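Okay, so here's the structure we're looking at.
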Amino acid sequence: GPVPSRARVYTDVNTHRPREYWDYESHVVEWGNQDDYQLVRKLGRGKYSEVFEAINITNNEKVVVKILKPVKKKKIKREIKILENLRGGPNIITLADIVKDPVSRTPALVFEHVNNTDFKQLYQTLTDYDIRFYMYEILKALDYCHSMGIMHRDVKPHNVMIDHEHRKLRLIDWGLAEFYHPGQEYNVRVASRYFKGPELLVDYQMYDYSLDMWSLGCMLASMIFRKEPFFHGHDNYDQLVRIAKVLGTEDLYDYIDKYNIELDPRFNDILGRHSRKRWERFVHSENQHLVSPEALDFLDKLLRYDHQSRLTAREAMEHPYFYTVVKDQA
Ligand SMILES: O=C(O)c1ccc2c(c1)nc(NCCCCCCCNCc1ccc(-c3ccccc3)c(Cl)c1)c1ccncc12
């Protein structure tokens with residue numbers, strides 16, 4: 001069998017909390033009236049929800065309604081319980097109300113409206129400071145919700161909202177978020193392919209907040225190298241290969257030996273032998289400004305197979321890659 005694993009941080013927080021904090025299936029929901037909210041325009045479609053721009057008609061205030069696509073009651077309480085526990089926290093989206101439509105009784109979540117900015121002109125006026133800054137901001141949310149014993153589990157660019165004019169960032173979609181419990185065994189069919197961590201790729205189930213950190217390493221490696229996506233898999237199985245071909249097969253098998261993962265037999269033919277490439281293989285004429293010895297040392301300290309080896313969010317924020325944003329904050 002496999003080896004059990006525990007987070008190197010925030011390991012038993014949820015155990016030391018009042019039962020109801022994490023027992024979301026027993027959480028009671030006081031479903032409002034969606035008629036307090038008039039839909040304006042369709043903001044996006046996801047796999048378990050649809051998102052509209054709406055107006056609360058008792059202050060003319062601007063909100064966002066997230067009609068939930070039909071799912072097990074269970075998953076809605078999870079996402080609500082996590083939102084309510086994280087409410088107020090640095091850079092976390094603000095759950096404003098929980099309502100059902102009178103006719104459908106289909107549940108929908110009201111959120112704080114954030115003005116995001118067109119990602120077109122976002123990727124063009126993105127400076128090597130801008131990345132540092134906004135990445136620190138995502139860590140504020142990541143370190144918060146982790147300290148609160150919660151894993152986002154879907155940290156991708158589609159889930160980061162930037163109001164560049166105010167420098168306001170909000171980590172969003174918590175529909176996959178879960179409570180960390182030492183010993184608990186979690187599903188591997190979570191997050192999207194391009195940010196899935198190795199643990200997910202080999203079907204290792206006792207992971208933790210380290211999952212969020214790989215995702216973020218992928219996001220960071222995309223922007224400093226100007227390669228969207230950075231690990232470009234055809235399928236889930238080839239995604240590990242696109243990762244192997246950069247991190248080496250050596251550390252990969254060692255990862256597997258250390259946790260004794262029953263590596264799936266397909267793999268045993270498509271991986272192979274590849275060295276641990278040197279990062280400067282990926283810096284070229286168009287991207288050398290975002291790249292710095294500081295940046296690469298942080299990036300190398302996030303993209304590891306050993307989930308236990310990757311930095312923690314707090315450990316990440318004290319890295320020297322962020323010395324400049326910290327000073328200017330104080
Ligand atoms: O369900 C939920 O919870 C939820 C809650 C609230 C809202 C929601 C869903 N949906 C909304 N509408 C559509 C979402 C897709 C656009 C998301 C921008 C894409 N992201 C841009 C970027 C730019 C730069 C970087 C970057 C920065 C530093 C380093 C590397 C990368 C990154 Cl990472 C992301 C919405 C709209 C208005 N108000 C609230 C919400």
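Going by the structure tokens order, chains are called A, B, ..., each with residues numbered from 1, while ligands are numbered from 1 in the order shown.
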
Which residues form the shell of 6 Å around ligand 1 when you count only C-alpha atoms and all ligand atoms, given as a list in words?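 Based on only C-alpha atoms and all ligand atoms, ligand 1 is surrounded within 6 Å by residues 43, 44, 51, 64, 111, 112, 113, 114, 115, 119, 131, 134, 135, 157, 158, 159, 160, 161, 162, 172, 173, 174, 219, 220 and 223 of chain A.
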
Identify all residues of region 44-291 of chain A in alpha helix (DSSP H) (DSSP on the backbone) and supply them as a ChimeraX atom specification. /A:73-86,119-124,128-147,198-202,210-225,236-247,250-259

If you count only C-alpha atoms, which residues fall within 10 Å of residue 263 (chain A), apart from same-chain ones fewer than 5 positions away, as a ChimeraX atom specification? /A:201-204,253,256-257,268

Can you tell me which residues surround residue 189 (chain A) at a distance of at most 12 Å, considering only C-alpha atoms, apart from same-chain residues fewer than 2 positions away, and format the answer as number ranges by chain? A: 153-154, 176, 186-187, 191-193, 196-197, 199-205, 236

Could you pull the residues within 10 Å of residue 266 (chain A), counting only C-alpha atoms, minus those fewer than 4 positions along the same chain, as a PDB file with N, CA, C and O atoms, in the first residue's frame?
```
ATOM      1  N   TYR A 237      -2.731  11.577 -18.601  1.00  0.00           N
ATOM      2  CA  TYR A 237      -1.539  10.744 -18.540  1.00  0.00           C
ATOM      3  C   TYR A 237      -0.351  11.441 -19.180  1.00  0.00           C
ATOM      4  O   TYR A 237       0.758  11.401 -18.646  1.00  0.00           O
ATOM      5  N   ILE A 270       5.194   5.405 -21.111  1.00  0.00           N
ATOM      6  CA  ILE A 270       5.229   6.724 -21.752  1.00  0.00           C
ATOM      7  C   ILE A 270       6.173   7.745 -21.086  1.00  0.00           C
ATOM      8  O   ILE A 270       6.559   8.727 -21.739  1.00  0.00           O
ATOM      9  N   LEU A 271       6.563   7.539 -19.819  1.00  0.00           N
ATOM     10  CA  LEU A 271       7.474   8.441 -19.110  1.00  0.00           C
ATOM     11  C   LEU A 271       8.893   8.335 -19.647  1.00  0.00           C
ATOM     12  O   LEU A 271       9.259   9.015 -20.610  1.00  0.00           O
TER      13      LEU A 271
END
```
